[PDB]
Protein chains: 4
Amino acid sequence: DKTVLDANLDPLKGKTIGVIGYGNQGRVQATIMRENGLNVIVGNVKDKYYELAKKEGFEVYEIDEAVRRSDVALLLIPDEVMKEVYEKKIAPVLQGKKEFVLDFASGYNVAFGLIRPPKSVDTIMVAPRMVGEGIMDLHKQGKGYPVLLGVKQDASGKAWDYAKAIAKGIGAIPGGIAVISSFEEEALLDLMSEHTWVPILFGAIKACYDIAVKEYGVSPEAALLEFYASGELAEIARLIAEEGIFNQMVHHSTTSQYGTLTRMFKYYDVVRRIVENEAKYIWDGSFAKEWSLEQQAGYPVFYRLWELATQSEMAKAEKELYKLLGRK
Amino acid sequence: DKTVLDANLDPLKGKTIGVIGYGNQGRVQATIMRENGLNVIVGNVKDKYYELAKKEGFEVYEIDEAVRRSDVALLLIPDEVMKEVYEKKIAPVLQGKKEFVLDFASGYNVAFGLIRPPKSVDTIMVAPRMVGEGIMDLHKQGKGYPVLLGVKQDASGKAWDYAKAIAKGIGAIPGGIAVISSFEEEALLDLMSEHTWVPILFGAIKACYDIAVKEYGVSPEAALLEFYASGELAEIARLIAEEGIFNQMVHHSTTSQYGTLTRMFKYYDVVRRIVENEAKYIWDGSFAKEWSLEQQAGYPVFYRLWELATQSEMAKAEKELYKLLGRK
Amino acid sequence: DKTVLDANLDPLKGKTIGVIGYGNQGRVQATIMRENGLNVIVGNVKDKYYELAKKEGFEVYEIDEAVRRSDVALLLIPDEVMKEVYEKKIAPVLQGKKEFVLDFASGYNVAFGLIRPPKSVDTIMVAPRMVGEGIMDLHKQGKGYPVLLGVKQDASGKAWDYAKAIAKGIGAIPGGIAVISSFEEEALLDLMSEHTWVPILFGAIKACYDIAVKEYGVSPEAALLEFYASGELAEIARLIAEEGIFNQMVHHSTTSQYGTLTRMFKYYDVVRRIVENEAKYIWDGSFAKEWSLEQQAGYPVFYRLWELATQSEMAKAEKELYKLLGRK
Amino acid sequence: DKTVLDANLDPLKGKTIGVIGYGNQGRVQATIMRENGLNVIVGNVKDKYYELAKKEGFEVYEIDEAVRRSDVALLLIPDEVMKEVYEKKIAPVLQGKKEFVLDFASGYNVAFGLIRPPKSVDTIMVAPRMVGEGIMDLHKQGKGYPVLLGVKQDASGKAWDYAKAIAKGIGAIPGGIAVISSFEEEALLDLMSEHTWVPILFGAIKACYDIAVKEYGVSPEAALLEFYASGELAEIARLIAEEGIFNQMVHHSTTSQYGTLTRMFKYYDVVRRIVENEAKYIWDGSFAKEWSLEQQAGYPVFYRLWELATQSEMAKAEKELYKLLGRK
Ligand SMILES: [Mg+2]
Ligand SMILES: [Mg+2]
Ligand SMILES: [Mg+2]
Ligand SMILES: [Mg+2]
């Protein structure tokens, strides 16, 4: 199969590396690769993070100074401000380079054309699939972890080797794995999840609550206990990842199995058409445009929805309960 | 009827003219009217074009400078950057004028309100209907060529006279003609063509290819030969422009005539509905809004579509083929 | 893999050939193989053409006489009269043959069963993709040109060799190419083009005109200048055939590209449905029946439509105009 | 204006006329114009009509012979056999003529392209609006009567004069009138009547009968008395033709007027849609195709319908009844 389990690490010995940002991700990658025998420098503005990184032993600079010194760079910062930074400070120095390597953690700002670097550069991609904290909690066992690879522009044929060397330098492999894919094939995923089943689930829960209350005379303090106020859900999401998704149900009763399976094979089509519509809306690039426009307006909708959701009925009752049970 | 065939040229003798931009159009217009007995000056930024115009015997200044010296101006540049230019350099120098004449080549940035000059100015329109190159290939025979005229604001009653004088000064008349119309009546046209039959044609071709392949087991190397890989279309367009649209078919076989006529009179309503929808969407001004917003966003959709189209199935086969026939 | 570029030519040395018809095709196809070192004889009715072919150095006989002498034949005449000819003069003289070869230029009269020759005959197909005139303009460069091959009935296992030898004998190869296919896979093509995008295009243009006029108060003398009275379509088709279909647009503006691409990916479904319907209506053979019937009636619909189309407002306006521009 | 009431008659004095057919129409026009000072000859096959026509004082020849002698001709025969006749006997004798005039009584076989004479000929139309018998019953009062005129092909600028002279030579004017129109504007009419209200009326009557019987227990021997077995209808049509269509109702009772007017303004749209569909089906020429094909088959549908209609229930009841009232 395409999968990869280990590779070399030499192309990054003899060069310097410039890490951008020192948030959750930037901190981890940086340290782990300082351990693997690499020269590392950071680029960031003088703020809280700035003091935190040097303090761990690093020689911290500002951003564009960390690039003139480097032949490689890691742009580990959010996808909402990464654009502006690339045009003001980076773009000129980048133009004034000969052979560079530029890395990302997400393909949003690239796959959709919001960033179009030159052809004198080797562009790559490296995307983990961990929340960011447990990654360290696992590396201390020598464990690896999974990632996604990809490339958009190679001018030396060495892009894949560079990417594998990177994935190795961060403890992801050996021990874990790394897949080959494109940028689109990662943004598509990181969005669909945030668009199809999370909101569907939330709305289904809210609807169960509303119906149980306003049509069957049920107490608000009860529904919550069953639906999500109890950690039964976590128990499900756990056995899912460990024992499997379907084999998980073997631990529950037969009635639950029957109802679940029937109603699952019964509603599979609606969710399918929904997912189709959303994925199509994304593939073309409308959602990026929508989000950028909303940014250009002042996040009005965001405000009103963040209001409505909290000022709903379920949220209030949840408040009294969580208080009554000590839950903060 | 409305049509005009020739008029005077005296109102432009005794004045100066400022031609903005020395691209395809501006170059031609200036080169021509330098011959009809007129003094001409250019305004443009110092780049490739700047060296070319002066090289041809012109005196080249900066844009704002070329206006202080002029009582007339030709704003021959794309409709995508004209706004900022007009707002920064022109607007003040124009406020500091007494009686001016401003000319365009399209009505997009005006008809839709993206430009609202003062009332101390005569605003006009002159729109050819040629690709830009053949205009020279024809003037060398002394021929004329067709144009569209219009006016948005006149404060001296001489606007139409100025417009006719201009159309004469560029060799369009006599020999060709000139029509009277508005700005809307030109943008509407220059858009509808780009919105109704070009894309319908392209999609129909693509669909014929896809169907022929994926449902009848046909070779990709064949369909192209019939549909567009052969220059049969060029002959059709030529006979259209020269002999007539319908009379053209007299040269083809009876079977083709029958099929074409029937299937045309059969599928006329659908395209009519489509065209109605699009023209209505334009008349109000939504398309301009959409385009300006996409500009403000970063042309994501443009990028993704330019990607999909090329990464299609037909394009790859056409690429394999063009290489095979020797076609570059 | 599939395509062919050159082959042998020996099977046609030691044999005679009988060319039927001396119209456009028969004229070119004959001279070239006469040059390539082949004995050639023509069969045609004694009329204008009859004098032309012999005048060029040929020995002209009558059709039935040209077959008794030949072991091979080329039936290069329209698909509307071929049936009677084959049924009256050819079939009788053909029963008393032993090893014959029969060639065509189209598969209409065969693929649809309107002709069912015997089994002692080798039936083949050769279909160029050129207007018929430029083919000779190109052969003088030693060039080749495209063709489609196919077979319906082989009683000697040598049919493909004969077809390749033929294609080589008319200058199409080497220099050009030749594809292997069936009769259907050519009739389907030569029809769909005449059924799907040509009439859709014509109707869309007509509708654009009608709408622009009768709902926005536009002048008839103007719309034409934009839509087709200018040869912009010719430039589009030329760039299509030469550089590519989509890459063609790079020479246009950005607004045009955006509108075109959007409206193309927006309507792809409707035309797909249309094309499906038409291709299905053909595959089964209904259109052939329709056309064979209309002939038995007197071409009434043909007449009425040829009338309506010409007596439309657009045609009258184009007539008033083409006069005004000197166009005959 | 737009109408004619009288005109000259000299262009037809000094010439001969060939009247084809001696049926109801031809007999009348011939007998008449033999009185207005014209030399007349007939062409027809030797049968009853031939003997009758030569008995009435004419000199009779054979059709083809009657044309060599004439410079004008009247083709007064049905529209179902005219084609073969024109193609066999007339066309050959007509190619060798110099300046001819050809007249019709209906535009069916022409307007639809089933006949396409040469260009050295003057083609015209003259269509009365009478059953054929009463025309003589009226002429003997010196009256005129209505006609329709038209032209398809004039090569001498004299057709209209010829047409008026003809309309005069038959006593239709003065006393009557003559209208200007085309061939289409005559066949369209002569068909619509036979397609829209005649069959609608018949079906409505049949339906009233069926409903009255099979849902309200009525006697078959009664309904007929009311619906059409009584001549009440004839009076309505007579008053229509004489006093007017709506003023007619003044003689009936109020209740009738109210119901009629209401249900008339209530059902106007449906019949309008029907008529639109039918007129459109005609204008293009599909009905002619249909009829010619049915002719080419054996008139099966005609037979089956002539059977069904007569073998209905209403017909059997009317047969039992008419016998009971002495009606043959
Ligand atoms: Mg995310
Ligand atoms: Mg344009
Ligand atoms: Mg063809
Ligand atoms: Mg009739």
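Observations
- Restricting D:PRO220, D:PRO146, D:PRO174, D:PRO118 to residues that are away from ligand 2 (no atom under 16 Å from the Cβ) and under 18 Å from the mean Cα position of the chain (by Cα) narrows the list to D:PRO146.
- Looking at B:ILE245, B:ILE177, B:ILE166, just one residue is in contact (Cβ under 8 Å) with a residue 24 or more places away in the chain and under 30 Å from C:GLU215 (Cβ atoms), and that residue is B:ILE177.
- The condition (being hydroxyl-bearing (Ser, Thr, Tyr) and under 16 Å from the mean Cα position of the chain (by Cα)) is satisfied by just one residue among B:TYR108, B:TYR86: B:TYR108.
- Considering segment B:149-171, the residues that are of a type in the set (A, V, I, L, M) and more than 12 Å from chain C (Cβ to nearest Cβ) include one that is farthest from the chain's Cα centre (by Cα), namely B:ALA155.
- Candidates D:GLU62, D:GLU35, D:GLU56 - the one that is farther than 24 Å from D:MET82 by Cβ and surrounded by fewer than 21 Cβ atoms within 10 Å (Cβ to Cβ): D:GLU35
- The combined condition, being surrounded by fewer than 19 Cβ atoms within 10 Å (Cβ to Cβ) and away from ligand 1 (no atom under 16 Å from the Cβ), is fulfilled by C:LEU321.
- Candidate set from segment C:114-124 (those that are within 23 Å of C:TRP283 (Cα to Cα) and out of contact with any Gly (no Cβ under 8 Å at 6 or more places or on another chain)); member that is surrounded by the most Cβ atoms within 10 Å (Cβ to Cβ): C:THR123
- Taken over segment C:77-112, the criterion of being away from chain B (no Cβ under 14 Å) and either among the aliphatic types (A, V, I, L, M) or touching a strand residue (DSSP E or B) at 6+ places or on another chain (Cβ under 7 Å) (or both) is satisfied by C:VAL85, C:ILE90, C:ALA91, C:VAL93, C:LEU94, C:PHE100, C:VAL101, C:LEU102, C:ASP103, C:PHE104, C:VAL110.
- Counting only helices (runs of 4 or more DSSP H) that fall entirely inside segment B:244-307 and contain at least 1 residues that are of a type in the set (S, T, N, Q) and more than 25 Å from C:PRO78 (Cβ to Cβ), the qualifying elements are B:268-284, B:286-297.
- The lone exception for B:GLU278 - which of (1) within 14 Å of chain A (Cβ to nearest Cβ); (2) crowded, with 17+ Cβ neighbours inside 10 Å; (3) of a type in the set (D, E, K, R) it fails: (1)
- With respect to the conditions (1) out of contact with any helix residue (DSSP H, G or I) (no Cβ under 8 Å at 6 or more places or on another chain); (2) within 16 Å of ligand 1 (Cβ to nearest atom), A:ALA155 falls short on a single one, namely (2).
- Residues (surrounded by fewer than 16 Cβ atoms within 10 Å (Cβ to Cβ) and within 26 Å of C:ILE180 (Cβ to Cβ)) located in segment C:74-113: C:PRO78, C:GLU99, C:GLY113
- Hits in segment C:214-233 - residues which are in a helix (DSSP H, G or I) and either within 16 Å of ligand 4 (Cβ to nearest atom) or crowded, with 19+ Cβ neighbours inside 10 Å (or both): C:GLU221, C:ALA222, C:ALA223, C:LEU224, C:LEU225, C:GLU226, C:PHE227, C:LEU233
- The residues of segment B:219-242 that are free of Cβ contacts under 8 Å to residues at least 24 places away in the same chain and either more than 7 Å from chain C (Cβ to nearest Cβ) or not hydrophobic (A, V, I, L, M, F, W, C) (or both), listed by number, are B:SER219, B:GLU226, B:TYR228, B:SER230, B:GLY231, B:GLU232, B:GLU235, B:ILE236, B:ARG238, B:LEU239, B:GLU242.
Quick note: the coordinates plus some simple rules give every number you see, no bench work behind them. FYI the Cβ positions are ideal-geometry reconstructions off the backbone, even for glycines, and counts take in every protein chain you see.
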